[PDB]
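> need a 3D model of the sequence below.
(10 chains)
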Amino acid sequence: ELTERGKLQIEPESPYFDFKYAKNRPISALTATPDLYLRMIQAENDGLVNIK
Amino acid sequence: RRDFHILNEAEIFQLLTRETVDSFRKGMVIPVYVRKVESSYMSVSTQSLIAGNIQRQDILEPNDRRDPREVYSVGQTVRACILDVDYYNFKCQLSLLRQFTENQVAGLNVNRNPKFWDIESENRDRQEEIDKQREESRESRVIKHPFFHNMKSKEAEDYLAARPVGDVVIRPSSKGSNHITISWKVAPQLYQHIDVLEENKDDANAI
Amino acid sequence: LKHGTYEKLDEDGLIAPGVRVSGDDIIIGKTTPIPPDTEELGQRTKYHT
Amino acid sequence: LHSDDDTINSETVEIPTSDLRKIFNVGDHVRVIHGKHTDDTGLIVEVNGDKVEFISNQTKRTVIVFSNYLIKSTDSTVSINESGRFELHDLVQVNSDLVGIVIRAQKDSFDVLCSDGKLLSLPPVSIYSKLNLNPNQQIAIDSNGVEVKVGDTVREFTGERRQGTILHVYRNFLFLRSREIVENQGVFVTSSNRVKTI
Amino acid sequence: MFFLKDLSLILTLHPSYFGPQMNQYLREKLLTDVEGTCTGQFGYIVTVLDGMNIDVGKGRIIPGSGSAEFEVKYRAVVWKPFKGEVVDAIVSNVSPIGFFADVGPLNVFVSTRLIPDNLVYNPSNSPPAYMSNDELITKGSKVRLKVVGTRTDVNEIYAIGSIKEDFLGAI
Amino acid sequence: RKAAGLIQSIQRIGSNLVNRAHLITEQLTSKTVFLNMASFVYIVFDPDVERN
Amino acid sequence: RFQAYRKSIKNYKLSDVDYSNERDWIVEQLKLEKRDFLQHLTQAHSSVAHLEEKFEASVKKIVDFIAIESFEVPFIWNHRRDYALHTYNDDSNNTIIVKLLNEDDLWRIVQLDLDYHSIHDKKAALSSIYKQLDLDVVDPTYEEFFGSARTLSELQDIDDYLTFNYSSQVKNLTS
Amino acid sequence: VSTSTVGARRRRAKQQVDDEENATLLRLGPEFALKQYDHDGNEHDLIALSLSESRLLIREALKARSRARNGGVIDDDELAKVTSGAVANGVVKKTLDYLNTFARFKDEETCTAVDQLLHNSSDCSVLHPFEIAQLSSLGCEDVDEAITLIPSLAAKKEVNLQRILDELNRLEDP
Amino acid sequence: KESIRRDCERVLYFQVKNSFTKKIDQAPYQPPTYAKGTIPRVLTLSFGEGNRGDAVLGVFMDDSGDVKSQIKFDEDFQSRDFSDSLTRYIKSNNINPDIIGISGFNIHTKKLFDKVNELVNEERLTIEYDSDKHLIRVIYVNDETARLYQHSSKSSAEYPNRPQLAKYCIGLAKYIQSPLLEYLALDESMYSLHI
RNA sequence: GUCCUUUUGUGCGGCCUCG
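Numbers count the residues shown, from 1 in each chain, chains lettered A, B, ... in the order given. Here you go, the structure:
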């Protein structure tokens, strides 16, 4: 889910646009693409998104 | 150890241009510096010095009939869409048509699967972003005239109530800065508002 | 160099009699030597001396 | 002199410099006089007699320097001129496929803002090269189709709708300088498609 | 520590804004230029009291430039740390060199050399923490620290705390 | 750090290592360190020099 | 490099029971991480029985080398490769070599060796706390979820359980 | 940017030891001295504020501004979003979170009683306002703890510190 | 969340390790009719940025690692004079390259590469072991380590009287002669590369 | 493929010009 900062600053240019509105992504498949989940965490640390 | 690695076409292109074959391919849109303008072809230079080329069928719009020289000039920079890349000779072909330069926005293969992407929230957010791009600025109008008063319709009627029949007041109109409503007292507690359309206006506040 | 023109000079650096001259135009061409900079990094014919 | 007696504290004594040792209290801004860590400033943390330890301001790490090399300077005011190979706000090529703009400069390190927004701290030697792009290459085109050169002020319409003056151009990215964004001294990166010219 | 102070600002207005809404536009400009700023002399300005009824006076026309200069006086709530003061904090990040806490908008850094030795940093812990036998301090944990030094920047303030003394550490 | 100590020890003894066993007989290295490093450092053998 | 890795370890020399527990823990961790490789091994080499037992024995031998003999990964990979692979003769007398482990797996075994000592310290501290509690009768839940505990999260959960249910003894020893 | 009402301070030759900022020595500098001047030049005392008083004031001012901007028609997030400036929004959000997680007195009447107790008391008539703010903010429980945290209170031994702390704990909502 | 973070960090760590292993696992270029691992004799050329003013600088390194006969060409590289000078340089008895390496800063390097390759092919400049004869190879050289080498103070101390482009050519030749040692010489700077 | 450009002395002395 997106915070207000994420609601604004998540532009197509940004690397975080890949997972801006992601859902129903199983945990078992996360290890296949570590960069995706690391980018999600780094976006969370910026205060843009929240991983639920 | 393995044998000495010898660069291929993609590695040579990346070495000499610092643009990968992923970030520079078919369909992308880039700004190019025009260098030559001719009757049938146009020669441009990109940011990384890759020599481009555009043909007569890709310079002008189908409904256009003017000569290419009249339309563009040397030294001008324009947007163009890539139609082919020659990774060995460092040459590319481009098109300046509207159908290629502007419509192709979604250049990334984002997996918008309905079960894996929140389509409705994205649509609502995009609709709200368009509804915020529709925002505009507006301000009141000031007119200098002895019988002009910055009053509402009811305010003008109340102002004309204290005055006898035949006196005239002028107020701004609700239809826009190009319209003026003139209110005059027809009878006691009876007033007529007449809208006047302005033409050849020097300014919004001007008459 | 200066902002004026140099095309009116001859090979010997001097203008010839009978030529029209306007303000600032160069009529005597003279140069003085200068110890060259690090341009010996490679400037085939375009290193200033 | 300072002492518990008030009458002694109102006296001035002239003392030779050969019998004086500086007193460094914990939590004081001090600037290094001489050594490998010359012109480094920070706050004193530990005073182990002759050896003094302090958290630096530039490197932001603890540095151990002898007390003879310290002067109590409440402000750094360090000038980075005549150092490295990079002026402030230079567009530096970090590596083969990475580029950025120098945000802050230091004696033996630099702060670089990437095109995607990530900040890096690197030594000067690790930087691949400096991009000396030609003026014709340093031109971009806004969303309307109007040309925007360096020094042209533009203001966005998407996103946070910020505004700035163009500082550098790289591909489609515009490096803008702004007054109100104090977070990175006004330097924020946006694509040219996001801005409209004023 | 929070305080009430009487502050003043100089506001310059371009002649294109010389309209009836001049006072309100000056008020909003003052609010945007004062709310949230950080000045080393004063600390942090958080809010301005009576923000919609501030007197702006009469502006003076600058000779040779046309623009008017306004002197706006206002009362605002200001927060500024002091050397040798003990305040509460919340840990925001854990690192081998020390932990970073947040005291409102101010971020305070405490190095390991100002941390007691029994609070050994455990990077294997989830989340990583500086833990002892009876104490465990991690991200989001309440901590009471004493401000030792303050570093002033152009528009920023950097503070350094310590927890090596009594009645400090985990709370 | 061990590499620099080894280089200094070799330069003390004469900057030439005749045999692998001299890393133990000359006390240059300890037992386990030599056991690890013995087969990864080599001494070029010239048959014309060593007729025996 | 081993000294640099083990510089943070308070005490590296484990007892025999703790060492066997360490070997079992590393075997289980590798089994968890290399599930797809083990599935490929089982499917494509169905004719050979008990290959996973050979994998367990090989992993235990590598842990033995790294911990007791202190061999680094290149030395094991070059001069101890026979313990990292299994050979057999098929029905057609075909010599077949199966590579159970690679160099990256040796590095992962080094990493797990380094990782387990934090778990061991946490478990020792938890057991010491339980000893200072000095229950009259052993708590079946504590021993039940302490014997099977294999991550520090479960140890933290047991610590929370102990400090809650026996808070009075903790207060007496000492909110 | 903003300039204080105190000016002058020109060059001299003497140097004083009461110039460095120090909470323990109660040396708050010229701009935070015990004696201040308002816009009219009249005498004014330094106004310290505890977290309860500060929270009440910021909430009152923010809700007044929000009501005024909305044509005179409670949530911290919306109230923070009322203000302008992204950095300002972040700063006010951080202050709101800090005040909320350490609010000793969330009630106006409790804060009023605390202020009256800490002001009208005979012992507190000599107490510095910074000491009052520190006592009402830190929520100390012991005289020794208060002396260790606040070194200034050590020299003022004519204050009934223990009973005042117990009254503060009583007024504090558990 | 912490567990998945740790697992993904492990996977990314191993991916980066494998990528770096692919980067540094390169033997020196093997000259023909010689056993693998033999150090070749290298000649490297580069004009720099490719501008009008920029001249071509050459450096010849023998199989013993000693730089020999750095030269500067004082003519336009698109002319016949440059071709004659390069033909005289290569065919000199004191210089016997096994490979010719070329690298540069932009697309102008392609013209130099094509010019040198065409000259070598047309003049039939063969490897001089001083039987079967083989033409000298012309390749593009990856200059990941040369650009950091040319600014390093160690290189400046090693060659005080030489310009930066000469150090770039020496870095390219050293990279051809031993990629591993050239990566090692970067020290702390090798973590900033594109791995 | 080629096109591409930037700035000025000082200090005295003398003779003049308009009041």
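> any idea how far residue I:28 is from chain A?
Remark: distance between residue I:28 and chain A (C-beta to the nearest C-beta, to the nearest Å) = 34 Å. Heads up, the C-betas are built off the backbone N, CA and C, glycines and all.
> and that residue, how close does it get to chain C?
28 Å.
> max-length helix in chain G?
helix G:103-133 (DSSP state H).
> next helix or strand past it?
helix G:140-147 (DSSP states H and E).
> with just CA atoms, put that following helix into CSV.
Output in CSV follows, covering the C-alpha atoms of helix G:140-147 (Å, rounded to 0.1, in the frame of the first residue of the first chain):
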residue,chain,number,x,y,z
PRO,G,140,7.0,-29.9,29.7
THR,G,141,6.2,-27.0,27.3
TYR,G,142,9.7,-25.4,27.9
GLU,G,143,11.6,-28.6,27.3
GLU,G,144,9.3,-29.5,24.4
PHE,G,145,9.8,-26.3,22.5
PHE,G,146,13.5,-25.9,23.7
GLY,G,147,14.7,-29.3,22.3
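> quick one on the thing from earlier: near chain B at all, the longest helix of chain G?
No: applying C-beta under 8 Å from any C-beta of the partner chain, one finds helix G:103-133 out of contact with chain B, separated by at least 15.2 Å.
> just give me how far that helix sits from the chain centre.
Using C-alpha atoms, centre = their mean, to the nearest Å, the mean C-alpha position of helix G:103-133 is found 8 Å from that of the whole chain.
> so which bits of that helix are buried?
G:105-106, G:108-110, G:112-114, G:116-123, G:126, G:129-130, G:133 (16 or more other C-beta atoms under 10 Å in any protein chain shown).
> run through the neighbouring helices and strands of it.
On a contact count with 3 or more C-beta pairs under 8 Å, 6 or more residues apart in numbering or on different chains; DSSP states H and E, helix G:103-133 meets helix G:16-33, helix G:51-64, helix G:73-79, helix G:140-147, helix G:152-165, helix G:167-173, helix I:2-24.
> spell out which parts of chain C neighbour RNA strand J.
Proximity of chain C to RNA strand J (C-beta under 7 Å from any atom of the strand) is limited to residues C:1-3.
> what are the boundaries of the helices in chain I?
Going by DSSP H, chain I shows helices at I:2-24, I:80-90, I:109-123, I:146-149, I:153-158, I:164-177, I:179-184.
> what comes into contact with the shortest one?
When you say that, I think you mean helix I:146-149. With C-beta atoms under 8 Å, 6 or more residues apart in numbering or on different chains as the test, helix I:146-149 has contacts from D:125-126, D:128-129, I:103, I:155, I:167-168, I:170-172, I:174-175, I:182, I:185-186, I:189.
> now the residues of chain C next to RNA strand J in JSON lines, please, with extra columns for neighbour count.
Formatted as JSON lines, these follow (neighbours: other C-beta atoms under 10 Å in any protein chain shown):
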{"residue": "C:1", "neighbour count": "6"}
{"residue": "C:2", "neighbour count": "8"}
{"residue": "C:3", "neighbour count": "6"}
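> for residue B:56, state which of those is nearest.
Residue B:56 lies nearest to residue C:3 out of those, by C-beta to C-beta, at 43.1 Å.
> that closest one and residue I:97, how far apart?
Relative to residue I:97, residue C:3 is positioned 49 Å away (C-beta to C-beta, to the nearest Å).
> ok, residue H:3 next?
Distance from residue H:3 to residue I:97, by C-beta to C-beta: 73 Å.
> show me where chain E has its helices.
Using DSSP H, helices in chain E cover E:22-34.
> show me it divided up by domain.
Chain E breaks down by CATH domains of a matching chain into domains covering E:1-82, E:83-171.
> looking at those, which one is packed in the most?
Most buried of the domains of chain E, by mean neighbour count (mean count of other C-beta atoms under 10 Å in any protein chain shown): domain E:83-171, with a mean of 18.
> quick check, that one touching chain G?
Yes: counting by C-beta under 8 Å from any C-beta, chain G has neighbours in domain E:83-171: E:122, E:124-126, E:134.
> out of the residues you listed, which is nearest to chain I?
Chain I lies nearest to residue E:126 out of the residues of domain E:83-171 next to chain G, by C-beta to the nearest C-beta, at 4.5 Å.
> how about that closest one, phi and psi?
phi -120, psi 100 (degrees, to the nearest 10).
> do you know how far it is from residue E:93?
15 Å.
> from chain C, which residue is nearest to chain D?
Closest point on chain C to chain D, by C-beta to the nearest C-beta, is residue C:38, at 14.5 Å.
> now for that residue, how many residues are close by?
9 (other C-beta atoms under 10 Å in any protein chain shown).
> the strand or helix carrying residue B:92 near RNA strand J at all?
Using DSSP H and E, the element containing residue B:92 is strand B:91-95. No: under the criterion of C-beta under 7 Å from any atom of the strand, RNA strand J is not reached by strand B:91-95; the shortest gap measures 10.0 Å.
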